[PDB]
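So this one's data_32.cif, mmCIF, C-alpha atoms:
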data_my_file
loop_
_atom_site.group_PDB
_atom_site.id
_atom_site.type_symbol
_atom_site.label_atom_id
_atom_site.label_comp_id
_atom_site.auth_asym_id
_atom_site.auth_seq_id
_atom_site.Cartn_x
_atom_site.Cartn_y
_atom_site.Cartn_z
ATOM 1 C CA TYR A 143 -68.745 -25.371 -106.333
ATOM 2 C CA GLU A 144 -68.276 -22.055 -104.531
ATOM 3 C CA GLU A 145 -65.040 -20.281 -103.678
ATOM 4 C CA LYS A 146 -65.503 -20.591 -99.913
ATOM 5 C CA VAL A 147 -62.704 -19.947 -97.418
ATOM 6 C CA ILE A 148 -59.316 -21.327 -98.311
ATOM 7 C CA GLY A 149 -57.300 -19.868 -95.417
ATOM 8 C CA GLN A 150 -58.998 -18.055 -92.548
ATOM 9 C CA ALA A 151 -56.781 -16.943 -89.731
ATOM 10 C CA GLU A 152 -56.192 -14.470 -86.951
ATOM 11 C CA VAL A 153 -53.251 -12.029 -87.092
ATOM 12 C CA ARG A 154 -50.579 -12.802 -84.580
ATOM 13 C CA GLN A 155 -48.443 -9.822 -85.467
ATOM 14 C CA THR A 156 -46.492 -8.370 -88.405
ATOM 15 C CA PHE A 157 -42.928 -7.495 -89.364
ATOM 16 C CA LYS A 158 -42.614 -3.850 -90.329
ATOM 17 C CA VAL A 159 -38.872 -4.156 -90.034
ATOM 18 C CA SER A 160 -36.283 -2.070 -91.893
ATOM 19 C CA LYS A 161 -34.744 -5.306 -93.156
ATOM 20 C CA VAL A 162 -37.587 -7.745 -93.859
ATOM 21 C CA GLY A 163 -41.032 -6.490 -94.907
ATOM 22 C CA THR A 164 -44.321 -6.797 -93.046
ATOM 23 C CA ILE A 165 -44.367 -10.547 -92.366
ATOM 24 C CA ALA A 166 -47.843 -10.836 -90.920
ATOM 25 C CA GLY A 167 -48.401 -13.879 -88.773
ATOM 26 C CA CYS A 168 -51.846 -15.410 -88.550
ATOM 27 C CA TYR A 169 -53.376 -18.272 -86.555
ATOM 28 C CA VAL A 170 -55.416 -20.445 -88.903
ATOM 29 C CA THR A 171 -58.943 -21.683 -88.228
ATOM 30 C CA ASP A 172 -60.042 -22.884 -91.656
ATOM 31 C CA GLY A 173 -58.527 -24.121 -94.964
ATOM 32 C CA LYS A 174 -54.870 -23.053 -95.325
ATOM 33 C CA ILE A 175 -52.854 -19.863 -95.291
ATOM 34 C CA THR A 176 -50.849 -20.585 -98.419
ATOM 35 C CA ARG A 177 -48.809 -18.481 -100.836
ATOM 36 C CA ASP A 178 -51.168 -19.251 -103.706
ATOM 37 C CA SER A 179 -54.174 -17.739 -101.935
ATOM 38 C CA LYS A 180 -55.867 -14.388 -101.413
ATOM 39 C CA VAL A 181 -56.370 -12.574 -98.108
ATOM 40 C CA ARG A 182 -59.010 -10.549 -96.357
ATOM 41 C CA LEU A 183 -58.767 -9.349 -92.790
ATOM 42 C CA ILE A 184 -61.294 -7.353 -90.752
ATOM 43 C CA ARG A 185 -61.273 -5.136 -87.673
ATOM 44 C CA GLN A 186 -64.132 -4.863 -85.172
ATOM 45 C CA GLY A 187 -66.137 -2.778 -87.615
ATOM 46 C CA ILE A 188 -65.019 -3.176 -91.224
ATOM 47 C CA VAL A 189 -62.244 -4.416 -93.533
ATOM 48 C CA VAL A 190 -58.707 -3.679 -92.470
ATOM 49 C CA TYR A 191 -57.156 -4.749 -95.742
ATOM 50 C CA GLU A 192 -57.686 -7.034 -98.724
ATOM 51 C CA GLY A 193 -55.749 -8.717 -101.489
ATOM 52 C CA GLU A 194 -53.401 -11.672 -101.447
ATOM 53 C CA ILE A 195 -50.415 -13.057 -99.698
ATOM 54 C CA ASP A 196 -47.029 -11.503 -100.411
ATOM 55 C CA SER A 197 -44.830 -14.237 -98.942
ATOM 56 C CA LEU A 198 -44.985 -17.349 -96.741
ATOM 57 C CA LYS A 199 -42.276 -18.089 -94.196
ATOM 58 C CA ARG A 200 -42.682 -19.588 -90.733
ATOM 59 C CA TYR A 201 -40.106 -19.860 -87.950
ATOM 60 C CA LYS A 202 -38.786 -23.131 -89.388
ATOM 61 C CA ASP A 203 -38.775 -22.718 -93.176
ATOM 62 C CA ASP A 204 -40.600 -21.201 -96.146
ATOM 63 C CA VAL A 205 -43.757 -23.311 -95.895
ATOM 64 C CA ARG A 206 -46.325 -23.213 -98.610
ATOM 65 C CA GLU A 207 -49.419 -23.434 -96.369
ATOM 66 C CA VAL A 208 -50.573 -23.424 -92.738
ATOM 67 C CA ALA A 209 -53.602 -25.664 -92.175
ATOM 68 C CA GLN A 210 -55.083 -27.347 -89.080
ATOM 69 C CA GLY A 211 -54.062 -24.687 -86.612
ATOM 70 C CA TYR A 212 -50.485 -23.580 -87.198
ATOM 71 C CA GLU A 213 -49.305 -19.967 -87.199
ATOM 72 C CA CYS A 214 -46.898 -18.770 -89.890
ATOM 73 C CA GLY A 215 -45.396 -15.383 -90.701
ATOM 74 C CA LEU A 216 -46.558 -14.189 -94.097
ATOM 75 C CA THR A 217 -46.855 -10.801 -95.758
ATOM 76 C CA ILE A 218 -50.274 -9.747 -97.044
ATOM 77 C CA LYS A 219 -49.824 -8.007 -100.408
ATOM 78 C CA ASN A 220 -49.225 -4.268 -100.068
ATOM 79 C CA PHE A 221 -50.449 -4.100 -96.453
ATOM 80 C CA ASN A 222 -50.943 -0.510 -95.353
ATOM 81 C CA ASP A 223 -51.959 -1.462 -91.794
ATOM 82 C CA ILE A 224 -49.412 -3.395 -89.734
ATOM 83 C CA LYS A 225 -48.814 -4.992 -86.335
ATOM 84 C CA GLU A 226 -51.509 -7.527 -85.275
ATOM 85 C CA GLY A 227 -54.252 -5.540 -86.864
ATOM 86 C CA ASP A 228 -57.010 -8.141 -86.782
ATOM 87 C CA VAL A 229 -58.401 -11.435 -88.186
ATOM 88 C CA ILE A 230 -57.340 -12.387 -91.731
ATOM 89 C CA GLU A 231 -59.315 -14.381 -94.329
ATOM 90 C CA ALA A 232 -57.891 -16.188 -97.331
ATOM 91 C CA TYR A 233 -60.453 -16.886 -100.043
ATOM 92 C CA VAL A 234 -60.152 -18.563 -103.442
ATOM 93 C CA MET A 235 -60.987 -21.684 -105.479
ATOM 94 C CA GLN A 236 -59.975 -25.320 -104.916
ATOM 95 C CA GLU A 237 -56.590 -24.842 -106.581
ATOM 96 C CA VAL A 238 -54.462 -23.791 -103.603
ATOM 97 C CA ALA A 239 -51.153 -25.234 -102.356
ATOM 98 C CA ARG A 240 -50.900 -27.565 -105.346
ATOM 99 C CA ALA A 241 -51.937 -24.803 -107.726
#
Is it possible to give me this structure as structure tokens?
Amino acid sequence: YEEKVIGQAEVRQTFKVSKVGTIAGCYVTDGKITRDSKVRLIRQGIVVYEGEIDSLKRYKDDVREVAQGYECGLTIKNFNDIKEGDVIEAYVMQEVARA
């Protein structure tokens, strides 16, 4: 088996607040945008940033994933670029959410 997409989404926005962090929201279009997953966004030319998720917290609670088509606010590792930069892409193995 290959480590295909496990959480592809599109940045909604981010939270570069002087109280929170950089809670980057993303609309999902593939697997799940979970805490136990990596991340890889891209602009209209190249990669905007890469790594993993820092935290996972929606507008309701601290959800672990965001599959189907739900948007949740999550930080993306040590994100240098902020505010709805572009489309994000979570990639990993088949051990997400439950592992």
Run the PyMOL selection byres ((chain A and resi 185) around 10) mentally over the shown coordinates, then write out the matched residues as a PyMOL selection string, using the chain letters and numbers from the document.
chain A and resi 183-184+186-191+227-230
Got a sec to check which residues sit within 8 Å of (-54.1, -10.6, -106.2), counting only C-alpha atoms, and write them as a ChimeraX atom specification?
/A:180,193-195,219
For a cut-off of 10 Å around (-48.9, -6.0, -99.9), file coordinates, pick out all residues using all atoms listed in the file and list them as a ChimeraX atom specification.
/A:163-165,191-197,217-223
From the set A:155, A:149, A:168, A:211, which residue has the shortest atom-to-atom contact distance to residue A:239, counting only C-alpha atoms?
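Once distances to residue A:239 are computed over only C-alpha atoms, the minimum belongs to A:149.
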What is the atom CA of residue A:216-atom CA of residue A:241 distance in Å, reported with one decimal?
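Atom CA of residue A:216 sits 18.1 Å away from atom CA of residue A:241.
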Closest to residue A:238 among A:153, A:205, A:159, A:175, using all atoms listed in the file?
A:175
Which residue of A:181, A:147, A:232, A:170 approaches residue A:209 most closely, using all atoms listed in the file
A:170
Residue IDs satisfying the PyMOL selection byres ((chain A and resi 235) around 9), as JSON, numbers by chain
{"A": [143, 144, 145, 146, 147, 148, 179, 233, 234, 236, 237, 238]}
Please compute the atom CA of residue A:207-atom CA of residue A:154 distance, one decimal, in Å.
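These atoms are spaced 15.9 Å apart.
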Just the number, please: distance in Å from atom CA of residue A:214 to atom CA of residue A:166, one decimal.
8.1 Å
I'd like to know which of A:204, A:150, A:156, A:198 is closest to residue A:173, using all atoms listed in the file.
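Closest candidate: A:150.
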Return stretch 165-180 of chain A, completed with N, CA and C atoms, as a tab-separated table (two decimals), in the frame of the given file.
chain	number	residue	atom	x	y	z
A	165	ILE	N	-44.00	-9.16	-92.64
A	165	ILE	CA	-44.37	-10.55	-92.37
A	165	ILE	C	-45.46	-10.64	-91.31
A	166	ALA	N	-46.69	-10.75	-91.78
A	166	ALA	CA	-47.84	-10.84	-90.92
A	166	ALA	C	-48.15	-12.27	-90.54
A	167	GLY	N	-48.10	-12.55	-89.25
A	167	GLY	CA	-48.40	-13.88	-88.77
A	167	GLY	C	-49.88	-14.01	-88.52
A	168	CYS	N	-50.43	-15.20	-88.74
A	168	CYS	CA	-51.85	-15.41	-88.55
A	168	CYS	C	-52.12	-16.84	-88.07
A	169	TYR	N	-52.99	-16.96	-87.07
A	169	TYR	CA	-53.38	-18.27	-86.56
A	169	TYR	C	-54.53	-18.77	-87.41
A	170	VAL	N	-54.39	-19.94	-88.00
A	170	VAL	CA	-55.42	-20.44	-88.90
A	170	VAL	C	-56.54	-21.18	-88.19
A	171	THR	N	-57.74	-21.05	-88.77
A	171	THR	CA	-58.94	-21.68	-88.23
A	171	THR	C	-59.83	-22.25	-89.33
A	172	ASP	N	-59.29	-22.37	-90.53
A	172	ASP	CA	-60.04	-22.88	-91.66
A	172	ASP	C	-59.09	-23.58	-92.64
A	173	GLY	N	-59.37	-23.47	-93.95
A	173	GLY	CA	-58.53	-24.12	-94.96
A	173	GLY	C	-57.02	-24.05	-94.70
A	174	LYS	N	-56.32	-23.19	-95.45
A	174	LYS	CA	-54.87	-23.05	-95.32
A	174	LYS	C	-54.41	-21.65	-95.68
A	175	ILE	N	-53.41	-21.16	-94.97
A	175	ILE	CA	-52.85	-19.86	-95.29
A	175	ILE	C	-51.64	-20.06	-96.19
A	176	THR	N	-51.91	-20.31	-97.46
A	176	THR	CA	-50.85	-20.58	-98.42
A	176	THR	C	-50.44	-19.36	-99.23
A	177	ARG	N	-49.35	-19.53	-99.98
A	177	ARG	CA	-48.81	-18.48	-100.84
A	177	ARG	C	-49.73	-18.24	-102.02
A	178	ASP	N	-50.27	-19.33	-102.56
A	178	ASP	CA	-51.17	-19.25	-103.71
A	178	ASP	C	-52.62	-19.07	-103.25
A	179	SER	N	-52.84	-18.04	-102.45
A	179	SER	CA	-54.17	-17.74	-101.94
A	179	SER	C	-54.34	-16.24	-101.70
A	180	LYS	N	-55.58	-15.79	-101.64
A	180	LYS	CA	-55.87	-14.39	-101.41
A	180	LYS	C	-55.96	-14.13	-99.91
